[PDB]
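K.L.:
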Amino acid sequence: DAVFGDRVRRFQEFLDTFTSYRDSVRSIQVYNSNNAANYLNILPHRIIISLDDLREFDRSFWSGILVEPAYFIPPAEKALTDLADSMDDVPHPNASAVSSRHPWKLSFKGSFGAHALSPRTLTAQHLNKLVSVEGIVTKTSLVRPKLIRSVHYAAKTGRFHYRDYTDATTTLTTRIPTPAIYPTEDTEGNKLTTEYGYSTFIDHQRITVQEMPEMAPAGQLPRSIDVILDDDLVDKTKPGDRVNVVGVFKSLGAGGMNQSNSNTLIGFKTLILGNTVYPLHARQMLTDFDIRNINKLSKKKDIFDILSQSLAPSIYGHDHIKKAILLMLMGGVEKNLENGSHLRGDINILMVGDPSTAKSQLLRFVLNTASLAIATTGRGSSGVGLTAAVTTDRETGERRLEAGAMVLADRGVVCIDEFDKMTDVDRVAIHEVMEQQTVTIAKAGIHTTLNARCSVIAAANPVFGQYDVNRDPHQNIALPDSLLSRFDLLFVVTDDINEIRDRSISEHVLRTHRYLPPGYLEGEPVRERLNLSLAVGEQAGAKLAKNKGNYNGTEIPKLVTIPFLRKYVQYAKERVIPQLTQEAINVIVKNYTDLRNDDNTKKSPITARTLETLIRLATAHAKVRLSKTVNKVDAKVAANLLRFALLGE
Amino acid sequence: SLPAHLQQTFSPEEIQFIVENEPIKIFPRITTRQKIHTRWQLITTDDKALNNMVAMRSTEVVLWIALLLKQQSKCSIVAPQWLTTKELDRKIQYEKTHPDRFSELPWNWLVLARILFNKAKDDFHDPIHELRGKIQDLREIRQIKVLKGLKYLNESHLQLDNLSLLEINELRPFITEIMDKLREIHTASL
Amino acid sequence: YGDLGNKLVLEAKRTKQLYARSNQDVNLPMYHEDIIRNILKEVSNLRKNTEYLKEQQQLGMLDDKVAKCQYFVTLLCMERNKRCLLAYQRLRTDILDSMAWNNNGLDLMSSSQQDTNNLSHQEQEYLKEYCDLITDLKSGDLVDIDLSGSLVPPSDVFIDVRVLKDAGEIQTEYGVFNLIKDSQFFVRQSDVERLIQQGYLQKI
Amino acid sequence: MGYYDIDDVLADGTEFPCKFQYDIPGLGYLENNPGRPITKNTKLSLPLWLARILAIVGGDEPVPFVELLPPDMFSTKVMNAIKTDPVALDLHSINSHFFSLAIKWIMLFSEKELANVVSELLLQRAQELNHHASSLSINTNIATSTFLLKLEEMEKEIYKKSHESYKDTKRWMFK
Amino acid sequence: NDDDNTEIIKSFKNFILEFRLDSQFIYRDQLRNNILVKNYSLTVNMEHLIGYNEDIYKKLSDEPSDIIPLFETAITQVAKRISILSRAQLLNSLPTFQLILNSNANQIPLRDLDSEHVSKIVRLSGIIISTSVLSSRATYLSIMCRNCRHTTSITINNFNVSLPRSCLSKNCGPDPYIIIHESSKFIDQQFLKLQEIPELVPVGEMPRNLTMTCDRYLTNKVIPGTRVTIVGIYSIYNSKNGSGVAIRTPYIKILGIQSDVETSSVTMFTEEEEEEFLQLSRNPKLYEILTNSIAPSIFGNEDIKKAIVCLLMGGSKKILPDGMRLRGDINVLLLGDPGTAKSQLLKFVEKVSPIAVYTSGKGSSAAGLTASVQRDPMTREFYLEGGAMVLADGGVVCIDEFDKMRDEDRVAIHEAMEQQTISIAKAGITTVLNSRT
DNA sequence: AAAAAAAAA
Ligand SMILES: Nc1ncnc2c1ncn2[C@@H]1O[C@H](COP(=O)(O)OP(=O)(O)OP(=O)(O)O)[C@@H](O)[C@H]1O
Ligand SMILES: Nc1ncnc2c1ncn2[C@@H]1O[C@H](COP(=O)(O)OP(=O)(O)OP(=O)(O)O)[C@@H](O)[C@H]1O
Ligand SMILES: [Mg+2]
Ligand SMILES: [Mg+2]
Ligand SMILES: [Zn+2]
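Have a look at this one:
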């Protein structure tokens with residue numbers, strides 16, 4: 018009754034106290050007005098409030114929101130709509146666009162405390178309470194419009210009628226259900242024609258999110274919960290993306306309480322109405345002093361060695377492997393031509409060696425440090441389901457494609473273990489994809505070409521238990537020559553027995569295992585922790636706190652921390668697109684001719700593809716030093732790396 | 002007495018001793034009137059009561075002497091007034107009707123009860139189980155009231171009007187330490 | 002630098018827990034004077050370094066600010082090392098005295117660790133002198149009271165006690181107690197406390 | 001403040017961010033090459049036992071040789087989290103000497119906004135400490163142990179003393 | 020009718036408030052300690068109930084599903100009596135208390151259950167094979183009318205109600241009611257599957273499965289593959305959706333669960353067993369007293385037993401700030417002549433370990449070990465089902481006849497044992513799954 | 001529509 022008015026005026030006072038949201042509303046209004054009629090982006094009517102300030106202002110209203118949002122959110126959005134209706138000034142409005150009546154629905158950020166849960170932790174006593182759930186997106190539905198309010202007109206009356214429809218999932222508060230029957234007759238019998246272009250329709254999508262497999266109980270499978278979100282943010286993220294969804298967790302449906310039940314063992318239905326979504330990514341922006349640090353470090357003469365040594369400090373040796381990984385993570389630019397079709401842009405690396413030589417560990421490091429990557433094993437995958445799958449939707453009842461392993465990894469990197477142990481048949485999928493970076497599916501009446509420009513790194517062991525140096529390279533590798541010719545670089549690793557290197561690697565590994573997590577004693581095992589204190593998160632240049640990166644002193648040369656390297660590669664992959672010159676061309680052609688006509692034994696045959704690989708590596712090295720042109724030193728270093736990878740020092 | 006941290010509070014045995022060092026009434030079964047025979051001539055209690063004692067009459071002795079005579083057939087302890095159903099009923103009514111004040115009870119509360127129930131079993135005029143249950147109910151409600159009142163922990167002082175010895179003893183190490191920490195925080199902040 | 006010293010202090014805390022969980026003086030651990038003498042030799046190196054630094058400072062070649070800051074840093078190092086060592090030693094002496102006072106000042110070599121060789125020799129002579137002090141203390145004006153007796157208040161006069169070890173017959177006041185193995189006595193409480201503390205009796 | 005107190009000497013060893021507000025040639029010999037002097041405005045993680053005094057001596067413009075930065079432990083994020091819900095927050099992850107360190111910090115810097123929030127913190131947690139201490143078995159679910167593993171190092175002695183007191187009372191009562 | 024219910028409630032309340040042994044009222048103190056820790060439940064032992072008075076136990080054993088709710092509401096009445104003050108006249131967030139029972143009656147095998155056990159209290163033992171996801175149930179429903187539009191409340195018990209006919213007193237419909245989901249109370253329910261123990265299966269038969277339902281605190285207590293002892297009610301529920321005439325599928329309502337592991341694997349141990357373990361650890365020859373204890377029926381082998389002990393203890397898991405993982409287990413392979421007692425050690429190692437599975441390398445497959453991609457026939461959706469190397473996560477897996485295993489099957493275990501994680505990509509499912517064993 | 005087990009070539 019009057020409690021609605023009291024809550025509305027309390028929220029109005031709160032909005033009057035804090036002047037940031039009014040400035041945001043004025044800015045969004047003026048930006049929309051400017052976009053209207055000046056020679089495509091439109092800002093949606095949504096604003097985010099930090100409930101920490103609300104707690105600092107009124108504890109009762111804060112607790113009312115966090116405990117029973119149903120009786121508190123609608124008054125807040127009504128007050129926001131009234132404030133917007135008072136602030137705005139449009140003396141000359143339109144006709145169809147003025148009837149939107151968007152309530153300016155809200156978003157939240159700040160500390161939640163005991164309401165920041167996990168999909169497994171959700172239980173009965175957390176119902177009807179605003180919560181934030183963390184997880185990974187597993188599948189999504191289709192964006193289908195739904196009706197809200199229909200506009201009707203009759204020729205005789207000249208009065209436009211309107212009828213409003215609300216469903217269980219449309220509003221927080223349960224109201225009397227309304228069927229979708231179109232009113233076609235007036236009270237006096239006048240014929241009513243439905244008026245499209247004046248009615249209200251909003252998008253609808255359903256997504257499902259599951260708990261992360263890493264934080265799961267022993268011997269238990271991950272569990273999932275489903276999320277409904279509409280209007281704005283309707284097509285954000287995708288399957289295979291870490292998300293934090295803030296919304297209201299409520300039950301819906303009779304759940305067999307009526308006569309429709311067949312057994313007494315019936316459970317209700319639970320579902321969360323999402324209010325906002327945030328990307329976790331375990339942040340992705342760069343500051344001004346970050347740019348200063350990047351530039352001043354790139355002006356150094358030895359950036360490439362520092363960055364190569366900065367990858368996986370606990371892996372002894374494999375220097376050129378680290379250099380190749382660095383060049384691969386930020387490979388060359390893609391070239392397209394109106395007549396030359398497509399030219400491949402990235403680099404692929406394949407490794408083969410005897411057991412226990414740190415290939416899987418380096419691959420896991422690449423997976424951890426990459427911006428986007430997917431983990432895959434040869435034996436536990438099937439090529440048909442690795443690219444696209446056909447499944448039926450439960451809601452619509454139709455069948456739609458599901459993205460495969462590497463389609464999710466578009467513009468990323470795919471890492472495969474036990475490559476040689478994979479079934480031969482599935483290999484054709486790779487033969488399809490690595491050829492033209494496009495997978496075509498044609499099955500059950502679906503005809504579509506899916507783009508997949510990912511780079512693939514693989515590690516396989518030779519046919520014998522250990523590599524035979526005295527044998528032909530072809531007979532040591534089980535894979536056929538057709539796919540081996542595509543991979544740019546072939547690396548062979550062996551653990552030659554040598555007492556000096558054995559002692560060095562032994563003391564290094566023993567150094568690694570004597571490590572203690574900071575602030576934790578050695579007498580007890582590693583214990584799990586909770587999430588961050590904030591459900592949603594967010630002097631210059633004089634600190635160099637995490638810039639230099641030399642966290643501990645053990646060698647004269649420098650070392651940089653991983654997050655700054657990720658920032659560097661993010662900056663480089665976007666801000667720089669270099670071009671090549673004739674000076675590097677001379678070196679490239681000269682070294683190609685010298686390598687091709689040396690006429691000595693070599694691990695792998697060469698062809699015109701190797702020169703294209705040299706060009707791509709030269710472009711990648713022109714990117715690594717943040718220059719817009721290719722220097723001949725890049726050609727020299729690429730030639731040296733290729734000669735090592737094909738001959739050996 | 003050091004024994005680690007046993008130098009700061011009283012152990013329950015010390016509480017039992019300090020309670021049993023109190024007067025009590027007794028009905029002797031024998032006579033020791035002097036011939037008008048060994049003198050008691052004790053140092054920490056009046057002898058004139060013990061020496062000038064005649065059977066089947068009221069006299070006051072310390073509790074431990076009463077228990078020692080009760081071990082033999084030389085004693086008959088008289089139960090106090092507050093150990094009966096008609097008194098505990100009005101007491102529990104008083105606690106129920108007054109939700110903020112602790113009822114008035116002797117500071118030997120629950121302790122004389124334990125001793126009398128353990129030793130003096132056959133001299134009560136009321137069933138033992140009923141009295142034990144009513145005492146348990148009293149303890150229950152007083153515990154509820156103490157737990158409710160504990161929420162206010164000022165850094166200045168506090169008032170607890172009618173708490174017995176055991177209730178104070180079992181709560182001292184927590185309340186004292188918390189208030190001391192609060193005082194330290196406030197003093198370091200000024 | 003004083004981080005080595007931390008390894009001592011943390012270890013001492015574990016010892017305190019051994020004192021806390023057991024609530025009984027038993028199996029005191031074996032000393033860690035090796036790390037202590039390592040700290041002593043490194044702090045001797047620090048002290049000689051300070052003396053040489055003062056030498057160049059008095060020479061006039063050294064800068065005053067460098068000399069003063071190094072002096073403060075070294076003084077802090079010595080202060081922290083001394084603090085850690087005394088924190089160790091005070092707890093050691095406290096537990097030593099606590100176990101020494103309660104066994105009538107005899108140290109009970111007939112039965116607690118057997119050879120008490122886990123203590124340093126200085127700690128052993130400290131224990132002997134403390135036993136001497138405890139024996140001396142009750143020889144003054146408190147000769148009629150046994151200070152090292154029990155501290156549980158006397159609650160009953162006649163108790164049942166059960167023998168634990170075999171012996172001969174022991175003289176008492178106006179009587180004799182023959183400690184036949186595995187027998188039960190119904191005797192005075194104020195006559196068998198010494199035997200119970202010695203461990204020859206059971207089931208108070 | 002006890003010299004022979006073990007908890008205090010343990011807590012004095014925590015590391016705080018600092019800044020060399022004043023340049024000193026020849027320093028850093030215990031951290032990097034001794035012959036390389038440490039330049040101005042260079043940040044390290046110095047322990048408290050030298051940061052307290054080295055930032056107050058001055059030495060000589068009697069500016070201190072070092073300047074102490076606001077540590078990340080006392081940050082707006084932690085204050086917001088502790089004000090929102092203190093009962094379910096685990097301070098053991100932030101630190102094991104949180105309360106003694108906070109007392110030292112508030113003694114060094116007078117800040118009338120930390121004393122009341124910290125006071126309400128331990129006042130609110132004391133009630134659940136008493137609730138768990140009063141619950142004696144006659157073995158238990160996950161909630162009590164989950165709370166007990168969230169406790170601060172300085173709260174363990176209060177919990178243990180309360181538990182022993184209640185256990186002794188029950189042992190004497192029921193014989 | 021109401022008089023008998025009041026008499027039964029009074030009897031149970033008198034039992035709770037009057038039962039004492041020596042000088043302790045055990046149940047009142049139990050209620051206190053439960054309320055202090057927010058565990059609104061109470062445990063009743065059969066022997067105490069029988070010793071107090073036999074009529075109450077007779078009535079409980081006669082018609083359990085009708086009598087138990089009276090006891091479970093008497094419990095909450097007593098809790099409100101002895102936990103809050105009248106104050107001469128609030129939150130009152132105390133739901134109906136859960137009742138848990140324990141007993142020592144003769145066990146009944148699963149195959150022995152028949153028509154005479156309907157609506158009776160039975161005790162039985164089995165092995166858990168699958169646990170369903172928890173679902174919600176309504177207890178306090180706020181119901182709104184549409185035409186007259188008044189408010190009403192419905193209280194629902196879980197033992198053994206539909207929309208009321210007509211309105212409450234104009235001319236409404238048959239059932240003009242809707243459910244107000246807000247201001248409603250909900251609880252949790254879970255389904256479990258039980259299988260007969262291998263040693264009690266009759267001659268030439270196969271194991272039989274049974275369905276159990278638990279609710280509230282009893283949920284999320286067991287994991288698949290653990291021997292358990294269950295006490296509950298054997299009742300029957302009809303299947304309208306689902319042969320024969322007047323058929324009724326039976327099931328079990330769980331009242332009490334006992335497990336050997338006691339859900340120990346943070347520390348749930350009390351002080352007595354803790355100090356016992358510490359004293360055992362102070363034994364200066366514990367290595368030999370453990371080596372002698374590994375299969376005392378096998379003679380001669382000593383290094384094998386030492387290796388088995390070392391494997392059982394396990395290594396120390398390590399992690400690094402760089403993100404790489406280090407394995408924390410050791411793998412022992414027995415490769416020798418026949419007759420040297422290799423499998424008899426495998427079955428004993430399976431028995432000793434808290435979590436273990438025993439399987440043959442001959443009757444096994446790559447898809448039957450790591451993860452099998454099943455497909456629900458009803459909703460027609462894909463989902464992962466655990467195999468045998470995921471059930472043994474955090475324990476030891478017993479494999480014999482390792483050489484008889486197929487070459488194509490033997491390669492899937494490489495990554496699963498060198499990195500302790502398995503990655504699968506089938507039908508669009510891209511999930512990395514952890515398996516440490 | 002897609003995964004997994006079995007007998008015969
Ligand atoms: N240079 C190295 N530095 C540190 N550790 C190393 C090195 N070489 C090998 N190792 C160790 O070898 C072990 C074997 O790991 P892993 O199985 O991932 O290696 P791999 O060579 O990829 O083996 P496989 O071919 O069997 O998959 C790891 O624990 C790793 O730490
Ligand atoms: N050392 C031993 N002490 C006692 N019994 C033994 C010993 N070695 C073998 N046996 C006996 O051998 C019998 C058969 O043993 P079992 O079948 O387990 O042998 P195995 O070596 O595992 O065989 P296989 O290699 O064929 O699988 C058992 O009944 C067992 O009692
Ligand atoms: Mg490997
Ligand atoms: Mg065998
Ligand atoms: Zn009506």
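Protein chains in written order, with PDB author numbering: chain 3, 18 to 56, 89 to 331, 339 to 594, 630 to 740; chain I, 2 to 37, 47 to 200; chain H, 2 to 112, 116 to 208; chain C, 1 to 60, 67 to 144, 157 to 193; chain 5, 20 to 108, 128 to 198, 205 to 213, 234 to 306, 319 to 341, 346 to 517. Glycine included, C-beta positions come from ideal geometry on N, C-alpha and C.
(1) In its own chain, which residues sit with a C-beta less than 7 Å from the C-beta of residue 69 (chain C), not counting the 5 before and 5 after it?
(2) Mapping DSSP to helix, strand and coil, what is residue 583 (chain 3)?
(3) Counting only beta-carbon separations shorter than 8 Å, does residue 106 (chain I) have a partner in chain 5?
(4) For the beta strand (DSSP E) holding residue 1 (chain C), just list the boundary residues, first then last.
(5) Kindly list, in the order they appear in chain C, the residues whose Cβ is closer than 9 Å to that of residue 45 (chain 5).
(6) May I ask whether a heavy atom of ligand 1 can be found less than 7 Å away from the beta carbon of residue 477 (chain 3)?
(7) Based on Cα-Cα distance, which residue from 386 (chain 3), 693 (chain 3), 449 (chain 3) lies nearest to residue 428 (chain 3)?
(8) Is it a yes or a no for the stretch 233-241 of chain 3 touching the stretch 167-181 of chain 3, going by three-plus beta-carbon pairs under 8 Å?
(9) Provide the residue span of the alpha helix (DSSP H) that contains residue 29 (chain C), from first to last.
(10) For a contact defined as C-beta to C-beta under 9 Å, what are the partners of residue 178 (chain I) on chain C?
(11) For residue 366 (chain 3), does the count of other Cβ atoms within 10 angstroms reach 16, so buried, or fall short, so exposed?
(12) Using 10 angstroms around the beta-carbon of residue 78 (chain H), count the other beta-carbons present and answer buried if the total reaches 16, otherwise exposed.
(13) Anyone know if the C-beta pair for residue 189 (chain 3) and residue 254 (chain 3) falls short of 8 Å?
(14) Taking the alpha-carbon of residue 26 (chain C) as reference, which of 119 (chain H), 154 (chain H), 171 (chain H), 54 (chain H) has the nearest alpha-carbon?
(15) Do residue 519 (chain 5) and ligand 4 come close, with the Cβ less than 7 Å from some heavy atom?
(16) Cβ of residue 104 (chain 5) less than 8 Å from any chain I Cβ?
(17) If I follow the unbroken alpha helix (DSSP H) through residue 102 (chain I), where does it start and stop?
(18) I need the boundaries of the beta strand (DSSP E) containing residue 183 (chain 3), first residue and last residue.
(19) Interface residues of chain I around residue 157 (chain H) at Cβ under 7 Å?
(20) Below 8 Å on C-beta distance, what does residue 74 (chain C) contact in chain I?
(21) For a contact defined as C-beta to C-beta under 9 Å, what are the partners of residue 154 (chain I) on chain 5?
(22) Near residue 371 (chain 5), what residues of its chain come up, given a Cβ to Cβ distance below 8 Å and the 5 sequence neighbours on each side ignored?
(23) Could you name the residues of chain H that residue 80 (chain C) contacts, counting a contact when the two beta carbons are closer than 9 Å?
P.N.:
This is what the structure gives:
(1) 21, 22
(2) coil
(3) yes
(4) Element bounds for residue 1 (chain C): n/a, residue is neither H nor E.
(5) 144
(6) no
(7) 386 (chain 3)
(8) no
(9) Segment: none, residue 29 (chain C) is in no alpha helix (DSSP H) and carries neither H nor E.
(10) None at all; the shortest Cβ gap to chain C is about 11 Å.
(11) buried
(12) buried
(13) yes
(14) 54 (chain H)
(15) The requested residue 519 (chain 5) does not occur in the structure, where chain 5 is confined to residues 20 to 517.
(16) yes
(17) 95-107
(18) 178-189
(19) 14, 15, 18
(20) Under the 8 Å cutoff, chain I gives no residues; its nearest Cβ is about 18 Å from residue 74 (chain C).
(21) 101, 102, 103, 104
(22) 382, 385, 386, 389
(23) Neighbours of residue 80 (chain C) on chain H: none; closest Cβ ~23 Å, over 9 Å.
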